[PDB]
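Take a look at the structure set out below.
Methodologically, a virtual Cβ is constructed for each residue, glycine included, from the backbone with ideal geometry; neighbour enumeration extends over all protein chains shown. Here, each number is a calculation from the coordinates, and none is a lab measurement.
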Amino acid sequence: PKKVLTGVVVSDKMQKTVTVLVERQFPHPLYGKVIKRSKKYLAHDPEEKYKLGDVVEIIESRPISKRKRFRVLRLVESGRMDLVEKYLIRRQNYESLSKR
Amino acid sequence: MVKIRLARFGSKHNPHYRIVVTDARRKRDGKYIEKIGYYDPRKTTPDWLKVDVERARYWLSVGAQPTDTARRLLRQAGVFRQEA
Amino acid sequence: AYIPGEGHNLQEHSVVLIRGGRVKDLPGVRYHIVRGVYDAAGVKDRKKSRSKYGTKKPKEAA
Amino acid sequence: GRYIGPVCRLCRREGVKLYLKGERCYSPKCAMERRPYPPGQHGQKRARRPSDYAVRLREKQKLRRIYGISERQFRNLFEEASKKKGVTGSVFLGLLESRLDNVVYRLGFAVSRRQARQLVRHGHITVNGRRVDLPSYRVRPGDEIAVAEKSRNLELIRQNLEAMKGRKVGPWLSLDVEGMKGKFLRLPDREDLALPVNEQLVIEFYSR
Amino acid sequence: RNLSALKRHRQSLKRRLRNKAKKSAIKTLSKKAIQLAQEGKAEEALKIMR
RNA sequence: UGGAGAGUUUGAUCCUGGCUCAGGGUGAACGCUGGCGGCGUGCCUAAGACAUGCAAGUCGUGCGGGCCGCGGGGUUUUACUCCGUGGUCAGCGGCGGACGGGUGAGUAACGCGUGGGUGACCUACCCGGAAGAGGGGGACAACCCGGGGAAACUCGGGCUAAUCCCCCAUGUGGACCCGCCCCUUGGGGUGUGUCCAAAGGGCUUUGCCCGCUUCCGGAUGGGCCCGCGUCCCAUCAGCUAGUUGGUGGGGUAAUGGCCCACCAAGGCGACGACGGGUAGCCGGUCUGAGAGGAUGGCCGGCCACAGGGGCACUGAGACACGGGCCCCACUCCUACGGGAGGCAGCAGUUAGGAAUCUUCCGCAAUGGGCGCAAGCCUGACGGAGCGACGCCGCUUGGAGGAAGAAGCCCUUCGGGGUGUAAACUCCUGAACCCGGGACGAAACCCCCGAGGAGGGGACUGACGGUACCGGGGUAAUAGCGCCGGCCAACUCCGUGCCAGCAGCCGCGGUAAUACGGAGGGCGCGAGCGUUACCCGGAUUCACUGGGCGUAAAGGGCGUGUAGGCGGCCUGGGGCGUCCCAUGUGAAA
């Protein structure tokens, strides 16, 4: 049983490798309300036959690179970049608060 | 290698053992993978004959070994026995 | 560090064992003394708290 | 231990007399009738009022008194009774009398508590065949508190026997004065073999 | 003072004497392999392989 | 089926509100006390230092023997040559030293708890399996001779064999470059060119026993990825230069930039990266009413460290506690050139602290290393001992016995009281000795069948003449705390804001139930108090369970970013959800 998860492909900016950003569910132990958080698994694309936006399925494997675990199976869908949009927007807003 | 022994658990002076199988490394008091009975040589009550013969003959067919009074117990219950 | 009550014994040292209890003054008070150890030992005239006011057993004896 | 000494001097302490020192504590005085009220210079002033917690406490202490025991084993076995999944207090009452000292007392073979305990301690009693010494011994429905063979050949034991022949047993513990013995059965209660107390008061102060 | 630590270090020596002797010999023979294979000749490089 | 609170602010009142005590628990410590018994437990402080005893030994069914010594075989005998040889020593070799064992320095980390991955793998001691086991010889130990050395021991030539060590053969087979079929990230089968074996010893004897050689699978140990959860300070806010990524190598039992070259810039981060602190994690453990706060010793596991760092070599496997290299630091030994020693493995010494144990017994039981077996090792283990350190069992006694002795405390002197208490009586038999006495111990082995079953002869007890059975058996330790309110127990001289009490309000500013004592009394009893520490309480960090109009507290208002909550119907996915089925949730 090798565990997989439905993740949103990001960063084509690498050679033969894409980095998938995923968001998983869980309520709360002793409070309630469900939650959805950042976890970006490493998407192994042999000839960059995948890129930005295009959501796919990701697959846990053996260590292929420096921390790079996981891999990639079947593609899900294109016409995207919306989730990606939200993501990097959040990124800039990260780099919008300072102690200087 | 996996062996079989007798695991006393009683008080300071309560010779009441649980007949136990597990491997050599582990202590006489730790985690028993298996087990399969109990023994009381002191005889406070004739409950002291407890062996699980099925898994016994099996677990000896795979590659376990007895010990001293375990050789004894095994010859008792009918695990060494064969009635030709 | 204070003690139980009236009637001291020490000159210095004593190994007085810091205990621990504020009372209605000495902004802190705290950390009273064994009374027994290497000094103190209750006093010489108490008929009760010998469980820390020293004196083993008064024992009328005669 | 078990107080011992000015015993039923503490019978006026309760303000109430009891089958405690046996003879000199039933007939015309438990050190009573002579004078019944809490001992010491202060006894018959004009008393005040004990708070709920206090009176309920009192009741508990009275319980440990009639049975004559440190509240050690007592309290422990009380929570042990709370462990048994039945109505805690009452179940506790049955399993409370069940201790063989005052059991053998109200079974006959003893005049006083001190007696019963002293005797069983000396190996004078054997339940269901085995001669022991333990008085703090609870017994299951169907035992046989037989007496020792030399203890039948003793005297004050016979005195206790004949100074009884005319008393209905606690409807379960049959008296065999045929060879000195007692047959043990069932489980009574605060309605079957009662006593002048309120149990759930004690229970209510007990655990707060 | 003593203990059979003597034994084990002695014999560890021995088996390492042989070990490293043959080990280094074989390293050097592997150099032989790369030169002869790189050249484009077999037969004797094939002997190397034997 | 599982739960109670009060005190304290004001003249008085209710609410808000914090601090305090009622409770359980703990490695405890001390002060008062102290007796037998059981089962447990019993340095947390300097991971300071550690003297002396055990921890790791074993095999002669692998081999060459040196020696004490024996029958002294041979020697008609000499001196002694050597066949048996009992006892010893080490040497080669094989097996464990990688288990048993300790303890928190390191560490917030896939380390742990945990449900899975390996088509990315290794595992001797047991099993089922297939082919078998020949040929040559080489080297050094030991030993033979000789040198130095206080010692550590160190040196040069000669001998000798062997489950020591290689070279050719044997190939069912393994494994490899190239090929293919199914399987789909190097999993299976199979061809063409290649390599390797093995080693044999001992008897009861031509048959047998231990071991081997190849090869796979099975049992285990474990390795390495992952899904989740996993401690305080954001006054720790940005951060990274093997750093993100590749090809191609090297590396390891195995994938990965873990090491290397080139080339290309990302990489993670407010949901908490970078870092300081802090701690080893878990089953659990005390409380709690429940959810939770806390923490993690004995007992069970995992992680890691052997003074301190780097280290390889070795073996199946370790960077190895009782191994060595280097280094630094550190004690001790010496004939002064030079040498060695290391217990955060079990007892003990010192300092540290208020504080925490014998430098004893047995291998008998179990149990761990080797051996054909007996057996030798055996601080794993089984116990005595000690301290009330805790709980459970408990004795110090039972019986009658006054209108109430006396001693004493009080008083309006009437007595109340102490106190049936005692005294006196009848009573049993603690402790103590005498007779006996365990279990724990039937194996293993031997004889029998075959060495397989079964039966039968049998070593085998430290604990300790102890739990206990019988006899004789004698009345024989009681102490601590409170007595103003929370609290149940008050009468009497003394004390005069002085001497003291003190968890919180307060008590003595000479009529003190709160301070001393006396009496009686209340709680308890080998226990009683006092202090340190977590929590229920405390709904007082408010999830069941909070507040912000004046009691802590609404942003200076606008504003919109991430984020969260989404009006009415139809269907679609069915991630979250729900029930049902199953693996686990170990043991204790």
Practice item. Please get the size of the charge dipole for the protein assembly as shown, origin at its Cα centre, with Cβ charges of +1 on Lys and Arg and -1 on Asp and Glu, quoted in debye to the nearest 20. Key: 2480
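Within 10 Å of each residue's Cβ, count the other Cβ atoms and sort D:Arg48, D:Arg56 from fewest upward.
Result, fewest neighbours first: D:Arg48, D:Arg56.
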Exercise for review: Give, as a single signed number, the net charge of other residues whose beta carbon lies under 13 Å from the beta carbon of D:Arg138, with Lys and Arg counted +1 and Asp and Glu -1.
Suggested key: -1
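Charges only on Cβ, +1 for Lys and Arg, -1 for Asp and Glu: so what's the dipole of chain D about the Cα centre, in debye to the nearest 20?
I would put it at about 940 debye.
Please compare each pair in A:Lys2/A:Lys36; D:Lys17/D:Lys62; A:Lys40/A:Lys68; D:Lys62/D:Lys83; A:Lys36/A:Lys66; D:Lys85/D:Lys183 to a cut-off of 19 Å on the Cα-Cα distance and tell me which ones are over it.
The pairs that break the limit, which is 19 Å between Cα atoms, are A:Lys2/A:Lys36; D:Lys62/D:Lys83; A:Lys36/A:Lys66; D:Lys85/D:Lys183.
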Review point. So how tilted is helix E:5-39 from the main axis of chain E? Cα-based, degrees 0 to 90, rounded to 10.
Key: 10
Review point. Of the GluC sites (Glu not before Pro) in segment A:13-75, which ones lie in a loop per DSSP and count no more than 11 other C-beta atoms within 10 Å?
Key: A:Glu47
Practice item. No other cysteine beta carbon under 4.7 Å away is the test; run it over chain D and list who passes. Key: none
Study note, to complete from the structure: Counting only DSSP loop positions in chain B, the chymotrypsin sites (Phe, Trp or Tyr not before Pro) whose Cβ has at most 14 other Cβ atoms within 10 Å are B:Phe9
Point to revise | Structure-based [θ]222 nm, chain D - -39500 (n - 2.57) summed over DSSP H runs of at least 4, per residue, nearest 500 | key: -10000 deg cm²/dmol
Review point. Distance from the Cα centre of segment D:39-108 to that of segment B:25-84, in angstrom?
Key: 51
Check your understanding: Can you give the calculated 222 nm mean residue ellipticity of chain A, where each DSSP H run of n ≥ 4 adds -39,500 (n - 2.57) and the sum is split over every residue, rounded to the nearest 500 deg cm²/dmol?
Key -> -4000 deg cm²/dmol
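If we count every other residue with Cβ under 10 angstrom of D:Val103's Cβ, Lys/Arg +1 and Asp/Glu -1, where does the sum land?
With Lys, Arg at +1 and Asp, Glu at -1, the net is +1.
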Check your understanding: Of D:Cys8, D:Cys25, how do they rank once you tally other Cβ atoms within 10 Å and put the fewest first?
Key -> D:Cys25, D:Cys8
**Study point:** Of all DSSP beta bridges in the protein assembly as shown, antiparallel share, percent nearest 5
**Key:** 95
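Please tell me the relative contact order of chain B in percent, rounded to the nearest whole number, where contacts are Cα pairs under 8 Å and at least six residues apart.
That works out to 27 percent.
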Point to revise | 11 Å beta-carbon shell around D:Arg65, net charge (K/R +1, D/E -1) | key: +4
Point to revise | By average C-beta atoms within 10 angstrom, highest first, the peptides A:36-44, A:63-71 | key: A:36-44, A:63-71
**Study point:** Relative contact order [Cα under 8 Å, 6+ residues apart], chain A, whole percent
**Key:** 25
Study note, to complete from the structure: Sites removed, the longest contiguous part of chain B containing no DSSP-loop trypsin sites (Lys or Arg not before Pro) with at most 14 other Cβ within 10 Å is B:44-80
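By counting other Cβ atoms within 10 Å of each Cβ, how are E:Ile34, B:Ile19 ranked from fewest to most?
Least to most surrounded, the residues fall as E:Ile34, B:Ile19.
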**Study point:** Per DSSP, loop GluC sites (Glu not before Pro) in segment D:67-150 with at most 11 further Cβ within 10 Å
**Key:** D:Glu149
